[PDB]
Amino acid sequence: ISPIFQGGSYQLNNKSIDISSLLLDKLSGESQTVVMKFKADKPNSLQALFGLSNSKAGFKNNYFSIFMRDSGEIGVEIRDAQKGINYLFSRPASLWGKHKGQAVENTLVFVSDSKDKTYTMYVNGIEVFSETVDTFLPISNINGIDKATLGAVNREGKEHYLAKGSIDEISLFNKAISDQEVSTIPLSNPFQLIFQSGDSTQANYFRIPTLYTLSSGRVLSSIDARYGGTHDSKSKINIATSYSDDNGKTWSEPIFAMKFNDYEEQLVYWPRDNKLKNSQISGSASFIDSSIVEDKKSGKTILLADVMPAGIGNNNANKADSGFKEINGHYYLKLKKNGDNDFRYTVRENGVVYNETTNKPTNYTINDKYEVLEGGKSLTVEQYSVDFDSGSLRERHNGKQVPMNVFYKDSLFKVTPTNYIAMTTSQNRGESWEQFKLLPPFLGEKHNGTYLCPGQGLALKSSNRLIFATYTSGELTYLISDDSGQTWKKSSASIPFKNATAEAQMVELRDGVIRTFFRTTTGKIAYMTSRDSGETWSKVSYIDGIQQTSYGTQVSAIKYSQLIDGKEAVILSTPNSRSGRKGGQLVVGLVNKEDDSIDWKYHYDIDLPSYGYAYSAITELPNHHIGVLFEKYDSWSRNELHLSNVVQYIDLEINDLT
């Protein structure tokens, strides 16, 4: 259908605009759609874009509004005191403010549907909430409505929630337009999605993005596909990948690099209310924090991630146990059989399950997929699915059989409940991934695995050396391979922090000179230098001019291929904020050849200082543009859990940054 009202070019400069005459007598029936294209690059703390209100004395709480906060949150109120209805629906981190210095035109579609009794809000082509009520309140059936307002809500004759911004276009319909119709509405998005709700992963959530430019020109991305909301392990999480062959313009349908099947891949709407938001999938194995590198020699792409057995995460993981047994220089994965109180088994060569107490091999083996066979026969377990139908999280058998994996809850043989690191490879640049292998322990039998630093590994330009940064208590633990990832050794580098999340990323400043940038607990990003291709490491210094929070955020970093102002350049991606994960920046540093010091010369604001920015991935695209895939929200904040489609991709050119 056609609009009952259409207007545009409205400037909201802390003064509402009255459109009652144009709109109010046009409103008919109980279903309505609002389409609004608007900018707000300097919003007030809390402002209404649009209001329908009873402006009369004593009816202060009879109004409908669409509002935003300077945090990027969008929402509506629907209030009628006589009906005793006070609805408030919102979602944090739903907006853009600025991109390349220009105010972004956000496209907002609000659907109020009386038939289904459902309020739905889309912003920039993304559904940010969909709420069904028992008692539906049509937005123009509020008792005594006498004002249609842009840029405030008229309450008792006064302007509340005054807006600063602009409404380039607004349309209203006496209909609840369908989801299909909504998707035909043109957008002006500064971003694109690579991974997204309802894609092949069937994860409703994503965190921990990576990007890496392959020598063929293909750009590869990996990510945590997180099923049970955005929580870290314990949970269900798979590692998914996608690639672009056109400098980031389009991206392939995701496939999995690393996945478990003990729990179904369910797209779930995880509750965001305070009572249930901490619900956490508690019986699933998971992969988490991935990192990618390309090997020049073999041509293989290599992907590593942390591995968590069923119900295990960082905080309940057995520290002081690697999960392996050392038997004369060699490390064997320990296993516990159903009913035993201790681990009386190991996995030896060719997957043979060997008994330790009696030193006998068994009739059981472990295949390449860490699945259990008896006498060559695939054993199985039953899969779980999750639901909240009872009003709380339930995890229950779903009737499907899947191969029995030693990382599973219901497995006959079970690994040590601790964290591991796994690796997989692709020979076709991410079109398919091999079965993963556990890396061996690097810090002894009685030490849990280090934690992979998410993002990129480092492929040294003048050799075959591959390095993946990892961290644990008191140090960075660099993993080093000179033979295409077949064998690894560690290079330990002490840092002056205990129990930190020292997520580290590396750049090669020049041949064999590696600078590592890492997260700390001090409010500053730290760094250290190696001048022998990672054999030895300097003491720790800190960057002034960038602020992080006390808890810190992952920093991403690349060496730019081109000179800038005649100098070698490095580019860091990080939130710049001592308050939260917001104020995204790319910071361009120029290297001083005298001493390899870096002058952080240019700061590019990704979006508003108050808009969310968390974990990030950056890569130099083959055309020398910069690709950025990032968490566009505060992934620390307890108020911004379980948001969909907040990991987003943008394309920039160096001139944008300078």
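Just so we're on the same page, rigid core means the largest C-alpha set that superposes within 1.5 Å between forms. The first residue of the sequence shown is number 1, and the count goes up from there.
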The stretch that moves more in 6 other deposited structures of this protein, judged by RMS C-alpha distance from this form after core superposition, 358-366 or 167-175, is 358-366
Higher Cα RMS in 6 other deposited structures of this protein relative to the shown form (core alignment), 347-355 or 247-255, goes to 347-355
For 614-622 versus 49-57, entry-based mean Cα B-factors point to 49-57
Of 288-296 vs 145-153, the stretch with the larger average CA B-factor in the entry is 145-153
Among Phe256, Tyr87, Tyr332, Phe407, the highest C-alpha B-factor in the PDB entry belongs to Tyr332
Max C-alpha B-factor within the set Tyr364, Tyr542, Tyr420, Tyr551 falls on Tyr364
Of the three thirds of the chain ranked by Cα temperature factor, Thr33 occupies the lowest
Chain thirds by Cα B factor, record data; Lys414 belongs to the highest
So, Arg218's CA B-factor, relative to its chain, sits in which third? The lowest
Quick tally, chain-level thirds of C-alpha B-factors: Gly351 sits in the highest
Of the three thirds of Cα B-factor ranks in this chain, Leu460 occupies the highest
